[PDB]
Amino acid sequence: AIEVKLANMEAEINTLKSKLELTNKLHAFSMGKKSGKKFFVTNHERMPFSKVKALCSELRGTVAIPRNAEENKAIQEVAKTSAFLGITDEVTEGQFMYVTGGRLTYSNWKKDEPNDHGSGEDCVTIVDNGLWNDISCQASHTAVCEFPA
């Protein structure tokens, strides 16, 4: 009875949809996501900002963006080394924007930073220290994505 089978399959679907959902809530917890909080992740791979921005999307995530002191200390914890942030000023030199829109609300630059130094530095990378410094986007640092609370 086609009528039946369908309903049965709509059941096998929901159960799976519910399982995979559970599988993911346990995968985040595993990855250290705090309760109802945006949490970061990294494979420790170094690459240009175009590839990181890329990779974070394929994983349905955004390039890491510290919107306060905590999230910054937290991003430092994850990468060890230097890693790009979801911040650039490619649109308007000197005017840093989150890859997700909006102007920086929380910052943490180093003395004389940013500075577009040399041929021009449009990407921001937090360095093993917690402070940030602007650098060439064609450079290559630790890829780090974030995921919604």
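When you see a residue number, it is the position in the sequence shown, counting from 1.
Higher mean CA temperature factor between 58-66 and 100-108: 100-108, per the PDB entry.
Annotation for 115-123 versus 44-52: the higher mean temperature factor (C-alpha) is found in 115-123.
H141: CA B factor in the highest third of modelled residues in this chain (values from the PDB entry). Looking at the C-alpha B-factors along this chain, the one for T92 belongs to the highest third.
Among the modelled residues of its chain, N24 has a C-alpha B-factor that falls in the lowest third according to the deposited record.
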